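K.L.:
Structure provided below as structure tokens; questions to follow.
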Amino acid sequence: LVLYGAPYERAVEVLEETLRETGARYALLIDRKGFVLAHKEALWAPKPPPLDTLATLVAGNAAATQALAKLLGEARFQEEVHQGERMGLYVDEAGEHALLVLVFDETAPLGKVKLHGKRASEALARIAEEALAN
Amino acid sequence: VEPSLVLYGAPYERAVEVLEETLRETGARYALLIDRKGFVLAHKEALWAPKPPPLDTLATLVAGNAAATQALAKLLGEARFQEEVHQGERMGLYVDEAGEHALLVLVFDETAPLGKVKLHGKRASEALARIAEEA
Amino acid sequence: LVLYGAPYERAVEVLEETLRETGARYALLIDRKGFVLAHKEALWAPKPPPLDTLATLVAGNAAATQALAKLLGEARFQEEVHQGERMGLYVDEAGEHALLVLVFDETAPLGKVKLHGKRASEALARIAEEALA
Amino acid sequence: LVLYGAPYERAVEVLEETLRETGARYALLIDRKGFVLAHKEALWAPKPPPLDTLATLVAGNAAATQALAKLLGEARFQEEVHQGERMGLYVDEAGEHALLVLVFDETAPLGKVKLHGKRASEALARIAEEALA
Ligand SMILES: [Mg+2]
């Protein structure tokens with residue numbers, strides 16, 4: 001899938017809104033292979049690390065954690081949170097073929113990241129679905 | 001190859017007590033302390049829970065994951081991720097660093113409130129970090 | 001860590017010579033988070049796949065294989081070779097913070113890739129440590 | 001797949017012979033899921049690391065390197081060699097559903113490890129096929 005035109009504009013709007021609601025630094029919608037479909041960064045945040053690099057590693061992780069998921073009786077993990085000392089990463093499925101990625105620091109309440117991140121992933125899943133079908 | 005740590009005597013008992021208490025406080029199914037190499041140092045299961053999946057395999061996979069996510073961590077300016085949560089439709093996994101050479105692992109289902117898992121899971125990892133060192 | 005001026009030139013020169021002596025297609029010096037410090041491609045070789053993506057994947061692999069390394073009594077693997085039907089990949093540690101990557105096909109003698117690759121990594125390791133000093 | 005009866009005995013013989021020919025420490029036939037189908041250790045070698053753990057990590061690696069393989073135009077890497085300061089790991093596809101694993105040290109010439117490792121992988125592939133059939 002490749003987002004362009006109206007669907008792309010709609011996806012970017014959701015990402016922009018998600019950053020405002022969550023307090024996150026960077027938001028991306030990527031396919032499960034690591035291709036960046038859309039991305040937005042908070043004006044207040046510093047330049048992000050290379051986004052294509054981030055996307056590729058997130059996709060790699062999505063494939064890698066399936067062994068753990070299957071051992072627990074799940075096909076795969078739909079939501080994952082990775083927290084460091086200063087930076088955090090939130091990844092949630094945006095439909096069966098895409099992933100919403102949020103990179104955040106201490107100023108983004110985790111509860112808000114998850115609440116609005118989950119809602120954004122559903123909105124993006126719908127946009128991706130329609131872009132794919134007609 | 002040997003673990004970065006092995007529990008016996010008092011240290012083991014203190015660790016097991018933390019694991020048992022954590023299961024009660026969180027509602028989780030299984031609790032383990034493993035070294036970053038994948039060896040299980042101590043493990044406890046909730047009395048109500050069914051037989052767990054192979055714990056050695058679980059520990060190995062968690063250890064493999066801990067190594068693998070370091071590329072992402074470095075990209076974000078971190079040495080590594082200290083806390084990680086993986087959520088499926090029903091089953092979830094909570095992993096937190098217990099000192100520099102061990103990891104606390106909690107496997108839970110829908111009957112374990114996530115807020116409780118993280119709250120008591122964090123307390124457990126710190127307690128185990130202290131035990132691991134003195135051990 | 002980023003290479004500039006002379007240090008960068010010396011790095012590129014080493015990569016160029018390594019391609020010549022090994023017959024490999026692409027040579028890169030990357031860090032553990034997938035950043036490309038320097039790269040060179042053989043003139044005869046086709047356009048390479050996205051180099052930043054290649055570096056990213058190699059970095060991801062470098063992190064992941066440490067679990068296996070430790071089980072075998074090693075902190076990590078210093079040298080790795082991945083071989084497909086036609087394409088191959090050689091990765092060698094260039095110090096503690098960099099990796100030398102050589103992508104090759106059937107026209108590159110593996111013996112030479114490993115022999116000169118190892119030596120090139122040592123040279124690049126010095127250029128790097130001297131670039132941050 | 002689960003090896004038993006004659007097929008299992010034949011597989012074990014291949015592993016034992018491979019150890020004799022290579023001087024490797026441990027030899028294993030595992031499925032791509034990480035399950036150990038058969039394994040043998042050199043009598044002169046020290047206790048091996050937990051083999052089930054090793055297999056699980058080798059299988060994980062096999063899945064992880066496919067992205068790199070595909071970027072280079074390969075479906076996956078058929079052969080891989082990881083070398084540390086002293087210990088080495090050789091993994092080769094034994095058919096479409098299994099992997100031959102050899103753990104060796106500086107005393108086992110890599111050339112012979114690869115030659116007999118490849119021979120063994122082909123033999124084990126045929127045995128696994130029959131067993132399943
Ligand atoms: Mg020379």
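Identifiers in the structure tokens: chain A, B, ... in order shown; residue index from 1 per chain; ligand index from 1 in order shown.
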So which residues touch region 115-122 of chain C within 7 Å, counting only C-alpha atoms, skipping near sequence neighbours fewer than 2 positions away, as a PyMOL selection string?
P.N.:
chain C and resi 14+18+22+92-94+100+111-113+124-126
K.L.:
DSSP on the backbone, then: every residue of chain B marked helix (DSSP H, G or I), written as an MDAnalysis selection string.
P.N.:
chainID B and resid 9:26 55:68 70:75 114:134
K.L.:
Residues of chain D near chain C: apply a cut-off of 9 Å, count only C-alpha atoms, and supply the list as JSON, numbers by chain.
P.N.:
{"D": [48, 49, 50, 53, 54, 57, 58, 61, 64, 65, 67, 68, 69, 71, 72, 73, 74, 75, 76, 77, 78, 79, 80, 81, 82, 83, 84, 85, 86, 87, 88, 89, 103]}
K.L.:
Residues near residue 134 (chain B), anyone? I mean within 12 Å using only C-alpha atoms, not counting same-chain ones fewer than 5 positions away, as a CSV table (one decimal) with N, CA and C atoms, in the first residue's frame.
P.N.:
```csv
chain,number,residue,atom,x,y,z
B,5,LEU,N,24.5,-15.1,37.3
B,5,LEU,CA,24.0,-15.2,38.7
B,5,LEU,C,23.3,-16.5,38.9
B,6,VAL,N,23.5,-17.1,40.1
B,6,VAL,CA,22.8,-18.3,40.5
B,6,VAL,C,22.3,-18.2,42.0
B,7,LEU,N,21.0,-18.5,42.1
B,7,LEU,CA,20.4,-18.3,43.5
B,7,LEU,C,20.3,-19.6,44.3
B,10,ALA,N,19.7,-18.1,51.3
B,10,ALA,CA,18.9,-16.9,51.6
B,10,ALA,C,18.5,-16.1,50.4
B,11,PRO,N,19.5,-15.7,49.5
B,11,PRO,CA,19.2,-14.9,48.4
B,11,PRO,C,18.1,-15.4,47.5
B,12,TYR,N,18.1,-16.8,47.3
B,12,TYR,CA,17.1,-17.4,46.5
B,12,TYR,C,15.8,-17.3,47.1
B,14,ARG,N,14.7,-15.0,49.3
B,14,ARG,CA,14.3,-13.7,49.3
B,14,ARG,C,13.7,-13.4,47.9
B,15,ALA,N,14.3,-13.9,46.8
B,15,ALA,CA,13.9,-13.6,45.5
B,15,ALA,C,12.5,-14.3,45.2
B,99,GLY,N,18.4,-4.9,37.9
B,99,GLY,CA,19.9,-4.7,38.1
B,99,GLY,C,20.5,-4.8,36.7
B,127,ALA,N,13.4,-4.6,44.0
B,127,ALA,CA,13.7,-5.5,45.1
B,127,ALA,C,14.6,-6.6,44.7
B,128,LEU,N,14.4,-7.2,43.5
B,128,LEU,CA,15.2,-8.2,42.9
B,128,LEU,C,16.6,-7.7,42.5
B,129,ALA,N,16.7,-6.4,42.1
B,129,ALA,CA,17.9,-5.8,41.8
B,129,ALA,C,18.9,-5.8,43.0
```
K.L.:
What residues in chain A lie within 12 Å of chain C, counting only C-alpha atoms, written as JSON, numbers by chain?
P.N.:
{"A": [33, 34, 35, 49, 50, 51, 52, 53, 54, 55, 56, 57, 58, 59, 60, 61, 64, 65]}
K.L.:
Set the cut-off to 6 Å and count only C-alpha atoms: what are the residues of chain B that reach chain A? Output as a PDB file with N, CA and C atoms, in the first residue's frame.
P.N.:
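Contents of part-v2.pdb, freshly written:
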```pdb
ATOM      1  N   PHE B  81      16.411  -0.634  26.493  1.00  0.00           N
ATOM      2  CA  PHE B  81      15.128  -0.352  27.118  1.00  0.00           C
ATOM      3  C   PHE B  81      15.112  -1.056  28.462  1.00  0.00           C
ATOM      4  N   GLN B  82      14.681  -0.345  29.495  1.00  0.00           N
ATOM      5  CA  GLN B  82      14.629  -0.923  30.830  1.00  0.00           C
ATOM      6  C   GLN B  82      13.330  -1.673  31.084  1.00  0.00           C
ATOM      7  N   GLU B  83      12.224  -1.125  30.590  1.00  0.00           N
ATOM      8  CA  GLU B  83      10.910  -1.721  30.789  1.00  0.00           C
ATOM      9  C   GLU B  83      10.222  -1.943  29.449  1.00  0.00           C
ATOM     10  N   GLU B  84       9.589  -3.101  29.290  1.00  0.00           N
ATOM     11  CA  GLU B  84       8.888  -3.424  28.056  1.00  0.00           C
ATOM     12  C   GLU B  84       7.584  -4.148  28.340  1.00  0.00           C
ATOM     13  N   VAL B  85       6.539  -3.790  27.601  1.00  0.00           N
ATOM     14  CA  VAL B  85       5.242  -4.443  27.741  1.00  0.00           C
ATOM     15  C   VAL B  85       4.781  -4.880  26.355  1.00  0.00           C
ATOM     16  N   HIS B  86       4.401  -6.150  26.225  1.00  0.00           N
ATOM     17  CA  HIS B  86       3.910  -6.701  24.960  1.00  0.00           C
ATOM     18  C   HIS B  86       2.514  -7.219  25.248  1.00  0.00           C
ATOM     19  N   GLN B  87       1.538  -6.715  24.503  1.00  0.00           N
ATOM     20  CA  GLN B  87       0.151  -7.085  24.726  1.00  0.00           C
ATOM     21  C   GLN B  87      -0.520  -7.746  23.537  1.00  0.00           C
ATOM     22  N   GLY B  88      -1.096  -8.919  23.780  1.00  0.00           N
ATOM     23  CA  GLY B  88      -1.827  -9.624  22.744  1.00  0.00           C
ATOM     24  C   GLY B  88      -3.307  -9.399  23.011  1.00  0.00           C
TER      25      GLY B  88
END
```
K.L.:
Please check the contacts: residues of chain B at most 9 Å away from chain D, using only C-alpha atoms, listed as a PyMOL selection string.
P.N.:
chain B and resi 1-2+38+56-57+60-61+64
K.L.:
Just the residues within 10 Å of residue 2 (chain D), please, counting only C-alpha atoms, with nothing from its chain fewer than 3 positions along; format it as an NGL selection string.
P.N.:
:D and (7-8 or 31 or 35-38 or 128 or 131-132)
K.L.:
I need the residue nearest ligand 1 from this list: C:108, C:28, C:19, C:101. Use only C-alpha atoms and all ligand atoms for the distance.
P.N.:
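Among the listed residues, C:19 lies closest to ligand 1.
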K.L.:
Using backbone DSSP assignments, extract all strand (DSSP E or B) residues from chain C; output them as a PyMOL selection string.
P.N.:
chain C and resi 26-31+36-41+79-83+88-93+98-104
